[PDB]
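A short write-up of the structure that comes next.
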Amino acid sequence: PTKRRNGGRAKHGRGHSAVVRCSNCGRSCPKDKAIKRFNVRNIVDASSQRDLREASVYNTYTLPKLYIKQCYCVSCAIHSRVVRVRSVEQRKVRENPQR
Amino acid sequence: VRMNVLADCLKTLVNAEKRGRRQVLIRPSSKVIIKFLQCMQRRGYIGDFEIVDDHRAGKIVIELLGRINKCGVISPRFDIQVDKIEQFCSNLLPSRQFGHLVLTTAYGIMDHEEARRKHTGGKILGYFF
Amino acid sequence: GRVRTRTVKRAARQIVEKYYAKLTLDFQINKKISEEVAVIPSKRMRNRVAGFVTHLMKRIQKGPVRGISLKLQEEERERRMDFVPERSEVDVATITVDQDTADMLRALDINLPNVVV
Amino acid sequence: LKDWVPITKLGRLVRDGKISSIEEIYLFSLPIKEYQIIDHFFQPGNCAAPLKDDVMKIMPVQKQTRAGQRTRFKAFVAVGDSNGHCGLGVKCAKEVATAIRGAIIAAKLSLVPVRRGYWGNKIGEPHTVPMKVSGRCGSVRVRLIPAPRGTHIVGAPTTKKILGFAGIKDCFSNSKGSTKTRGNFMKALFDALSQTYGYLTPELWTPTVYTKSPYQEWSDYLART
Amino acid sequence: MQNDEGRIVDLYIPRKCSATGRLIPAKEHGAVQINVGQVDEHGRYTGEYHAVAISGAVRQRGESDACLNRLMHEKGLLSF
Amino acid sequence: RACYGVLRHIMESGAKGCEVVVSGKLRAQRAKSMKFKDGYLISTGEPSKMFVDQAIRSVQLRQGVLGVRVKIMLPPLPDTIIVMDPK
Amino acid sequence: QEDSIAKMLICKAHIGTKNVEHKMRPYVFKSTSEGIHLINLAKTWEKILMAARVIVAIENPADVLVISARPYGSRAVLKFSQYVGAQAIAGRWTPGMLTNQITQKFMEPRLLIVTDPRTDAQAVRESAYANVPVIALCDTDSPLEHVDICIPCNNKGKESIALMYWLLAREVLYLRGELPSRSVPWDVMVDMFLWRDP
RNA sequence: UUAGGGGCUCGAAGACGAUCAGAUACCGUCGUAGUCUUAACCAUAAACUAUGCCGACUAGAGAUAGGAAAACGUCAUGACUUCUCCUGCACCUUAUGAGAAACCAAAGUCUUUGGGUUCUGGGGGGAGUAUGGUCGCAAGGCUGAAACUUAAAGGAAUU
């Protein structure tokens, strides 16, 4: 039986999508079915960054953020607990948890 | 594309019958449909209908009642031989008492009740009950 | 933990509904009071219900409590229900309509005193 | 046995003897919630005739849980008085006799009138399903067809019983699908007979009278407890 | 449903839904029968009424009210 | 048929609740204990021993021995609290 | 006559939601800028004249229910239960009122009235098990499924609910013959139908 | 695969180094064919929406891509707002429509069985095998049996 109406790849009127390699696994999955979290984050945590505010040259300084787009394999995600797993009813929701 | 004109209109009718509409329009209309609708109208299965004279095939708009359970069409148009009108409606219609086969004949389009007493068979066209 | 079962709840809850008068916030009069009004077989049970009676009386002192029939509030809830001012409408002749809302009645008819803000 | 305390508007009316017979209830389409209402109409001797109950089948059902298996018995019971009244009911329980009690109660509660016709000429009391009537339940299509008088009933033995309890003397049965599942087959046959009144003929083209309900006319009794 | 000469055989006649004109069976528990009371001049008054019935097939669509407007426009007492 | 008749008498007599078990072989070579119960019946505590009354016998058949339990709840409980109305 | 239509401006009863249902669309007209839809206040009041004539022509008024889940209905509905002598429920409904004979709040009404069919859909579902015709105060959001006789208003405003249940009781009373003449408006004010903060 | 170019990285084979009872594997380090391109072949993929192709009618709401019309519309031929029209990929909600169920605006309008037409299937193996044919440079493709064998294979949900 179909576990998803979608199939999990979210592809319509193509026949062929682009491909990406998983950032951890190595695996070629399709770009559409990859599962992607764009992790913006500053370099030195939060607690440790006050050392740089103390130590530095210049009156104030914006500690510049690190921008990366992670892409995952399904199996790499479910192992690493990005997505885990959901019920048959609650599967269908597509919104943002943590807006 | 669009082979039988009558076949489309009776499906259009019987759908919007079951949904329960007061009146329906059908398209593209013909000489056969008005004669087919005329012999429904005698037996009291639908009310009045207009037929707008657009410069084209035309549109037929029928007032209808909650009375037809179904009407249909027999493509291919088989031949039948007055013996075999009784054999068809035993198979086809829901009972012996009510319902009508309707079949084109060289004395005009008519029901099987009229086709018995005029004593001439022809090609079967459709049915209703 | 010291969580009380529905047999302990029902008995202590039913006392404050009807015998609300008498017992004070104080415990050691309520321990005595609970025994006389109602049958309680054992000594351990009579404290545990009577402690919860004084817990309810503290919550009745603090605010209005859900699930209690008492009817005192109803007697006093009905006095809130009874009261009425002059009027909240027909006040005063002209009513603050808009561009769109005024043009309902211009299409619809019915003549009235109106505003267009 | 026994003087039941009627509950609901319908229960009060029937015991008093205000509503005359069940065709008045079926007209205004009111749910009969106690079986004691329908027990009243079909009185012994007086009923002409008393309702008859037969146990169609007993099926053991098992649920596999933890250690060991628990088995309950599901009892299919049809019930009818010949002359257009039939019913169909199911219940499951841990013992067998306790299932059949409740199955008969459920059968009486789901009691449905069946209109019946003549096949061509129409003399001397109707004897047939009045048209070609289909019923389905869960991959079991069943089709009842009018037959001439004296034809008897043509069908499965199960078919003969629950058309028998309706009072239909003559038939031609067809049966597509898995007729082995008797639970579905009885429901398929039953929901065929339920649709007989629902089907519109040219006999019923005349617009309706609209009488007052039994809920309307005996309102002033139902004011007082 | 007659036979031979007179005698309307069968027990009772199912009500016909006003909106669709289709018969209401025994076990349709979603069926309705409304009574709407009339008035005299400077009424007041009830007890004389227009009865009207509609089936649970029509109601579960949501098309009960649109048809029930039509059935008491033709009576007089609405102006849609 | 027998066990319902015994269960009917004690229920009619004005016991609060009861049960009647019948262990041992019955329409079978493997043993299969039938159980009958109507009205509530506590199992536990010191209030068990007073408010129940409980009994056991043997009875001997062609194919073997049957068991037969009876247990009958009677009419100042621990659990229940009857509160007065003040007027 | 004119004055009920004038009072509906003070209600803010003509105001409804952004979203509009297909069935509820006939009543709404001239949707405004900002995306808010306006109701024909003739077509509101004509259906209270309809809905009064349904509630009258019941012999026992106790066989009518009035239901509201939302707390703005609670003071409104309990005043409606006085003047038309009807049963009333506020707050949590408990399903198996109309089915389930054994439950001790088993009510078998003839007619049923609701504030919103969205908020207490469980009442409107249960009406289809017991042949109970509904009456509803619809918004442009709310469904018409198992709903006879919409009265299209603002449901969400606390002023606006009261001033329907004022007009029904008054409308029902004149029909009932409770009020001898239409020279007087009425004895009782609107503000018995309201909701208060404490 | 065949014949010339090009050959960075990756990398069936192969090579050692680990792990293990063994490990011709997973992991690690090198690494030829291949990967890329011109010129021929091959003709199959879970080549999938596992749903043939035209046509009619069934039910709404909000998005979206392309084009078109309207507005004393807002900011500067165009961007955006509001509204209607066809044509796309879809999505949500719901059905007295369907289904074995999962689910489905098609899998609906089918025992109340006929709009037109192409191809395919008849318990599970044996078998996509044998033999013969035909296409192919090969690898293999298309067509395609029997003897004997067996009471269950298989589908969707429940505990």
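Each chain in the structure tokens gets a letter, A, B and so on, in the order shown; residues start at 1 in every chain, and ligands are counted from 1 in the order they appear.
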Contacts between chain F and chain D, please, where a residue of chain D counts if it comes within 12 Å (with only C-alpha atoms); show its shortest atom pair and distance in Å to one decimal, rows by chain and ascending number, as JSON lines.
{"residue": "D:94", "atom": "CA", "partner": "F:35", "partner_atom": "CA", "distance": 10.5}
{"residue": "D:95", "atom": "CA", "partner": "F:34", "partner_atom": "CA", "distance": 9.7}
{"residue": "D:97", "atom": "CA", "partner": "F:1", "partner_atom": "CA", "distance": 10.8}
{"residue": "D:98", "atom": "CA", "partner": "F:36", "partner_atom": "CA", "distance": 11.9}
Shell around stretch 66-68 of chain E at 9 Å using only C-alpha atoms (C1' of nucleotides), local window under 3 positions removed, as a PyMOL selection string: (chain E and resi 18-20+52+54+58+62-63+71-73) or (chain G and resi 23+148-149)
Test item: residues at most 10 Å from stretch 64-70 of chain A, only C-alpha atoms (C1' of nucleotides), excluding those fewer than 3 positions along its chain, as a ChimeraX atom specification: /A:21-24,34-44,61
Distance filter 12 Å, only C-alpha atoms, chain G against chain C, as a ChimeraX atom specification: /G:1-15,28-43,74-76,78-79,159-160,162-163,188-198
Interface, chain G side, toward chain H (9 Å; only C-alpha atoms (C1' of nucleotides)) as a PyMOL selection string: chain G and resi 19-22+33
Long-range neighbours of residue E:44 as a PyMOL selection string, 7 Å cut-off, only C-alpha atoms (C1' of nucleotides), 6 positions minimum in chain: chain G and resi 174-177
Next, the residues of the selection above should be written as a CSV table (one decimal), in the first residue's frame with N, CA, C and O atoms.
chain,number,residue,atom,x,y,z
G,174,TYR,N,-45.1,38.1,20.0
G,174,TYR,CA,-46.2,38.8,19.3
G,174,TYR,C,-47.0,37.7,18.7
G,174,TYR,O,-48.3,37.7,18.7
G,175,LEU,N,-46.4,36.7,18.1
G,175,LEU,CA,-47.1,35.6,17.4
G,175,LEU,C,-47.8,34.8,18.4
G,175,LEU,O,-49.0,34.4,18.2
G,176,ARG,N,-47.2,34.6,19.6
G,176,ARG,CA,-47.8,33.9,20.7
G,176,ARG,C,-49.0,34.6,21.2
G,176,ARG,O,-50.0,34.0,21.8
G,177,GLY,N,-49.1,35.9,21.1
G,177,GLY,CA,-50.2,36.7,21.6
G,177,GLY,C,-49.9,37.2,23.0
G,177,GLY,O,-50.7,37.8,23.6
Residue contacts of residue H:133 (12 Å, only C-alpha atoms (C1' of nucleotides)) excluding same-chain residues fewer than 3 positions away, as an MDAnalysis selection string: chainID H and resid 142:144
Pull the closest atom pair for each residue of chain E that gets at most 9 Å from chain G, along with the distance in Å to one decimal, counting only C-alpha atoms, ordering rows by chain and then ascending residue number, as a Markdown table.
| residue | atom | partner | partner_atom | distance |
| --- | --- | --- | --- | --- |
| E:28 | CA | G:131 | CA | 8.6 |
| E:29 | CA | G:129 | CA | 5.3 |
| E:30 | CA | G:128 | CA | 4.2 |
| E:31 | CA | G:131 | CA | 5.5 |
| E:32 | CA | G:131 | CA | 5.5 |
| E:33 | CA | G:133 | CA | 7.6 |
| E:34 | CA | G:54 | CA | 7.2 |
| E:35 | CA | G:54 | CA | 6.1 |
| E:36 | CA | G:54 | CA | 4.6 |
| E:37 | CA | G:53 | CA | 5.1 |
| E:38 | CA | G:53 | CA | 7.3 |
| E:39 | CA | G:175 | CA | 8.0 |
| E:43 | CA | G:175 | CA | 6.7 |
| E:44 | CA | G:175 | CA | 4.2 |
| E:45 | CA | G:175 | CA | 6.1 |
| E:46 | CA | G:57 | CA | 6.0 |
| E:47 | CA | G:57 | CA | 6.0 |
| E:48 | CA | G:57 | CA | 8.5 |
| E:49 | CA | G:57 | CA | 7.9 |
| E:56 | CA | G:128 | CA | 7.3 |
| E:58 | CA | G:146 | CA | 8.6 |
| E:59 | CA | G:146 | CA | 4.8 |
| E:60 | CA | G:145 | CA | 5.2 |
| E:61 | CA | G:145 | CA | 6.1 |
| E:62 | CA | G:145 | CA | 4.1 |
| E:63 | CA | G:144 | CA | 7.7 |
| E:64 | CA | G:148 | CA | 5.7 |
| E:65 | CA | G:148 | CA | 5.1 |
| E:66 | CA | G:23 | CA | 8.1 |
| E:68 | CA | G:149 | CA | 7.7 |
| E:69 | CA | G:149 | CA | 8.4 |
| E:77 | CA | G:50 | CA | 7.9 |
| E:78 | CA | G:46 | CA | 7.1 |
| E:79 | CA | G:46 | CA | 8.4 |
| E:80 | CA | G:43 | CA | 8.4 |
Distance query residue F:43 at most 10 Å, only C-alpha atoms (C1' of nucleotides), self and fewer than 5 positions along chain excluded, as number ranges by chain: F: 48-49, 52
Selected residues written out, C-alpha atoms, as a CSV table (one decimal), in the first residue's frame:
chain,number,residue,atom,x,y,z
F,48,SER,CA,-13.2,-9.3,52.3
F,49,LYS,CA,-13.5,-11.9,55.1
F,52,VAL,CA,-18.2,-12.1,51.7
Backbone-only DSSP, strand (DSSP E) members of stretch 75-108 of chain B, as a list in words: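 Listing strand (DSSP E) positions across stretch 75-108 of chain B yields residues 100, 101, 102, 103, 104, 105 and 108 of chain B.
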Using only C-alpha atoms, find each residue of chain B with at least one atom at most 9 Å away from an atom of chain E; report its shortest atom-to-atom pair and that distance in Å (one decimal), sort the rows by chain and rising residue number, and return the result as CSV.
residue,atom,partner,partner_atom,distance
B:19,CA,E:20,CA,8.9
B:20,CA,E:20,CA,5.6
B:21,CA,E:20,CA,7.8
B:22,CA,E:20,CA,8.4
B:65,CA,E:21,CA,7.5
B:66,CA,E:21,CA,5.0
B:67,CA,E:21,CA,7.8
All helix (DSSP H, G or I) positions in chain F, as a VMD selection string: chain F and resid 2 to 13 46 to 51
Could you please take those selected residues and save N, CA and C atoms as a PDB file, in the first residue's frame?
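Wrote it out as selection.pdb, contents follow:
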ATOM      1  N   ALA F   2     -28.280 -25.252  35.503  1.00  0.00           N
ATOM      2  CA  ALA F   2     -28.249 -25.391  36.964  1.00  0.00           C
ATOM      3  C   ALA F   2     -27.647 -24.171  37.668  1.00  0.00           C
ATOM      4  N   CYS F   3     -26.548 -23.649  37.125  1.00  0.00           N
ATOM      5  CA  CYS F   3     -25.768 -22.592  37.788  1.00  0.00           C
ATOM      6  C   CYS F   3     -26.457 -21.225  37.784  1.00  0.00           C
ATOM      7  N   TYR F   4     -27.200 -20.922  36.716  1.00  0.00           N
ATOM      8  CA  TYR F   4     -28.080 -19.742  36.688  1.00  0.00           C
ATOM      9  C   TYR F   4     -29.201 -19.815  37.730  1.00  0.00           C
ATOM     10  N   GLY F   5     -29.790 -20.998  37.902  1.00  0.00           N
ATOM     11  CA  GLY F   5     -30.842 -21.219  38.902  1.00  0.00           C
ATOM     12  C   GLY F   5     -30.400 -21.018  40.343  1.00  0.00           C
ATOM     13  N   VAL F   6     -29.171 -21.432  40.648  1.00  0.00           N
ATOM     14  CA  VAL F   6     -28.544 -21.170  41.951  1.00  0.00           C
ATOM     15  C   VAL F   6     -28.157 -19.694  42.096  1.00  0.00           C
ATOM     16  N   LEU F   7     -27.645 -19.101  41.016  1.00  0.00           N
ATOM     17  CA  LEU F   7     -27.330 -17.668  40.978  1.00  0.00           C
ATOM     18  C   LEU F   7     -28.570 -16.763  41.062  1.00  0.00           C
ATOM     19  N   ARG F   8     -29.703 -17.240  40.548  1.00  0.00           N
ATOM     20  CA  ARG F   8     -30.974 -16.496  40.603  1.00  0.00           C
ATOM     21  C   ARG F   8     -31.574 -16.415  42.013  1.00  0.00           C
ATOM     22  N   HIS F   9     -31.447 -17.493  42.790  1.00  0.00           N
ATOM     23  CA  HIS F   9     -32.024 -17.562  44.141  1.00  0.00           C
ATOM     24  C   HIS F   9     -31.342 -16.586  45.104  1.00  0.00           C
ATOM     25  N   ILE F  10     -30.013 -16.638  45.145  1.00  0.00           N
ATOM     26  CA  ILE F  10     -29.211 -15.735  45.994  1.00  0.00           C
ATOM     27  C   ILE F  10     -29.314 -14.249  45.622  1.00  0.00           C
ATOM     28  N   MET F  11     -29.531 -13.960  44.338  1.00  0.00           N
ATOM     29  CA  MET F  11     -29.802 -12.589  43.881  1.00  0.00           C
ATOM     30  C   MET F  11     -31.203 -12.116  44.282  1.00  0.00           C
ATOM     31  N   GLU F  12     -32.189 -13.007  44.172  1.00  0.00           N
ATOM     32  CA  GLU F  12     -33.566 -12.729  44.613  1.00  0.00           C
ATOM     33  C   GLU F  12     -33.695 -12.614  46.139  1.00  0.00           C
ATOM     34  N   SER F  13     -32.892 -13.384  46.874  1.00  0.00           N
ATOM     35  CA  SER F  13     -32.943 -13.404  48.345  1.00  0.00           C
ATOM     36  C   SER F  13     -32.496 -12.096  49.016  1.00  0.00           C
ATOM     37  N   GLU F  46      -9.134  -6.926  54.872  1.00  0.00           N
ATOM     38  CA  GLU F  46      -9.928  -7.476  55.975  1.00  0.00           C
ATOM     39  C   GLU F  46     -11.444  -7.377  55.738  1.00  0.00           C
ATOM     40  N   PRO F  47     -11.914  -6.314  55.042  1.00  0.00           N
ATOM     41  CA  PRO F  47     -13.330  -6.263  54.645  1.00  0.00           C
ATOM     42  C   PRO F  47     -13.808  -7.362  53.685  1.00  0.00           C
ATOM     43  N   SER F  48     -12.885  -8.053  53.010  1.00  0.00           N
ATOM     44  CA  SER F  48     -13.214  -9.302  52.315  1.00  0.00           C
ATOM     45  C   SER F  48     -13.854 -10.312  53.267  1.00  0.00           C
ATOM     46  N   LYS F  49     -13.111 -10.705  54.303  1.00  0.00           N
ATOM     47  CA  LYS F  49     -13.454 -11.872  55.133  1.00  0.00           C
ATOM     48  C   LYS F  49     -14.820 -11.770  55.826  1.00  0.00           C
ATOM     49  N   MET F  50     -15.208 -10.555  56.215  1.00  0.00           N
ATOM     50  CA  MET F  50     -16.495 -10.314  56.875  1.00  0.00           C
ATOM     51  C   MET F  50     -17.637 -10.287  55.859  1.00  0.00           C
ATOM     52  N   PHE F  51     -17.535  -9.390  54.879  1.00  0.00           N
ATOM     53  CA  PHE F  51     -18.666  -9.051  54.006  1.00  0.00           C
ATOM     54  C   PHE F  51     -18.918 -10.056  52.876  1.00  0.00           C
TER      55      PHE F  51
END
Using 7 Å as the limit and counting only C-alpha atoms (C1' of nucleotides), can you tabulate each residue of chain A that touches chain H, with its shortest atom-to-atom distance in Å and the two atoms involved, as JSON lines?
{"residue": "A:1", "atom": "CA", "partner": "H:102", "partner_atom": "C1'", "distance": 6.4}
{"residue": "A:12", "atom": "CA", "partner": "H:89", "partner_atom": "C1'", "distance": 6.4}
{"residue": "A:13", "atom": "CA", "partner": "H:89", "partner_atom": "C1'", "distance": 6.1}
Shell of 8 Å around stretch 8-13 of chain C, only C-alpha atoms (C1' of nucleotides), local chain residues under 6 positions omitted, as a list in words: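 My reading of the contact set: residues 45, 48, 49, 50, 52, 53, 56 and 68 of chain C; 81 and 83 of chain F.
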Tell me, counting only C-alpha atoms, for each residue of chain D within 9 Å of chain G, which pair of atoms is nearest and how far apart they are in Å to one decimal, in rows ordered by chain and increasing number, as JSON lines.
{"residue": "D:7", "atom": "CA", "partner": "G:101", "partner_atom": "CA", "distance": 7.1}
{"residue": "D:8", "atom": "CA", "partner": "G:108", "partner_atom": "CA", "distance": 7.0}
{"residue": "D:9", "atom": "CA", "partner": "G:108", "partner_atom": "CA", "distance": 7.5}
{"residue": "D:28", "atom": "CA", "partner": "G:131", "partner_atom": "CA", "distance": 8.9}
{"residue": "D:29", "atom": "CA", "partner": "G:131", "partner_atom": "CA", "distance": 7.9}
{"residue": "D:30", "atom": "CA", "partner": "G:131", "partner_atom": "CA", "distance": 7.1}
{"residue": "D:31", "atom": "CA", "partner": "G:130", "partner_atom": "CA", "distance": 6.9}
{"residue": "D:33", "atom": "CA", "partner": "G:101", "partner_atom": "CA", "distance": 7.6}
{"residue": "D:34", "atom": "CA", "partner": "G:101", "partner_atom": "CA", "distance": 8.9}
{"residue": "D:215", "atom": "CA", "partner": "G:110", "partner_atom": "CA", "distance": 8.2}
{"residue": "D:216", "atom": "CA", "partner": "G:59", "partner_atom": "CA", "distance": 8.2}
{"residue": "D:219", "atom": "CA", "partner": "G:59", "partner_atom": "CA", "distance": 7.0}
{"residue": "D:220", "atom": "CA", "partner": "G:60", "partner_atom": "CA", "distance": 7.6}
{"residue": "D:222", "atom": "CA", "partner": "G:60", "partner_atom": "CA", "distance": 8.9}
{"residue": "D:223", "atom": "CA", "partner": "G:60", "partner_atom": "CA", "distance": 6.8}
Export of the given selection (N, CA and C atoms) as a PDB file, in the first residue's frame:
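Resulting contents of again_39.pdb:
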ATOM      1  N   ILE D   7     -39.519   4.652  28.403  1.00  0.00           N
ATOM      2  CA  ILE D   7     -38.622   5.793  28.385  1.00  0.00           C
ATOM      3  C   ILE D   7     -38.706   6.411  26.996  1.00  0.00           C
ATOM      4  N   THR D   8     -38.813   7.736  26.948  1.00  0.00           N
ATOM      5  CA  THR D   8     -38.932   8.507  25.706  1.00  0.00           C
ATOM      6  C   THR D   8     -40.399   8.697  25.342  1.00  0.00           C
ATOM      7  N   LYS D   9     -40.653   9.601  24.400  1.00  0.00           N
ATOM      8  CA  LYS D   9     -42.009   9.910  23.965  1.00  0.00           C
ATOM      9  C   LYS D   9     -42.723   8.716  23.343  1.00  0.00           C
ATOM     10  N   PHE D  28     -43.579   8.567   9.577  1.00  0.00           N
ATOM     11  CA  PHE D  28     -42.814   9.725  10.068  1.00  0.00           C
ATOM     12  C   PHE D  28     -41.382   9.385  10.495  1.00  0.00           C
ATOM     13  N   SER D  29     -41.006   8.110  10.379  1.00  0.00           N
ATOM     14  CA  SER D  29     -39.603   7.688  10.278  1.00  0.00           C
ATOM     15  C   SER D  29     -38.857   7.833  11.611  1.00  0.00           C
ATOM     16  N   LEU D  30     -39.532   7.443  12.692  1.00  0.00           N
ATOM     17  CA  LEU D  30     -39.081   7.716  14.055  1.00  0.00           C
ATOM     18  C   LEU D  30     -38.324   6.505  14.603  1.00  0.00           C
ATOM     19  N   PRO D  31     -37.163   6.732  15.258  1.00  0.00           N
ATOM     20  CA  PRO D  31     -36.353   5.612  15.738  1.00  0.00           C
ATOM     21  C   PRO D  31     -36.963   4.920  16.958  1.00  0.00           C
ATOM     22  N   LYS D  33     -36.413   2.799  19.941  1.00  0.00           N
ATOM     23  CA  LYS D  33     -35.200   2.594  20.743  1.00  0.00           C
ATOM     24  C   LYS D  33     -35.323   1.445  21.748  1.00  0.00           C
ATOM     25  N   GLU D  34     -36.528   1.223  22.278  1.00  0.00           N
ATOM     26  CA  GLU D  34     -36.833   0.019  23.061  1.00  0.00           C
ATOM     27  C   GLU D  34     -37.531  -1.042  22.212  1.00  0.00           C
ATOM     28  N   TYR D 215     -46.056  12.480  17.345  1.00  0.00           N
ATOM     29  CA  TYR D 215     -45.427  13.457  18.239  1.00  0.00           C
ATOM     30  C   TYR D 215     -46.246  14.753  18.385  1.00  0.00           C
ATOM     31  N   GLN D 216     -46.900  15.176  17.303  1.00  0.00           N
ATOM     32  CA  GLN D 216     -47.804  16.338  17.315  1.00  0.00           C
ATOM     33  C   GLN D 216     -49.079  16.080  18.116  1.00  0.00           C
ATOM     34  N   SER D 219     -49.162  15.466  21.949  1.00  0.00           N
ATOM     35  CA  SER D 219     -48.212  16.345  22.642  1.00  0.00           C
ATOM     36  C   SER D 219     -48.639  16.634  24.082  1.00  0.00           C
ATOM     37  N   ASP D 220     -49.945  16.784  24.300  1.00  0.00           N
ATOM     38  CA  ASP D 220     -50.481  17.216  25.597  1.00  0.00           C
ATOM     39  C   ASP D 220     -50.413  16.124  26.671  1.00  0.00           C
ATOM     40  N   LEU D 222     -47.736  14.016  26.556  1.00  0.00           N
ATOM     41  CA  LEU D 222     -46.285  14.047  26.782  1.00  0.00           C
ATOM     42  C   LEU D 222     -45.783  15.292  27.535  1.00  0.00           C
ATOM     43  N   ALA D 223     -46.655  16.278  27.759  1.00  0.00           N
ATOM     44  CA  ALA D 223     -46.392  17.354  28.724  1.00  0.00           C
ATOM     45  C   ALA D 223     -46.210  16.822  30.147  1.00  0.00           C
TER      46      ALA D 223
END
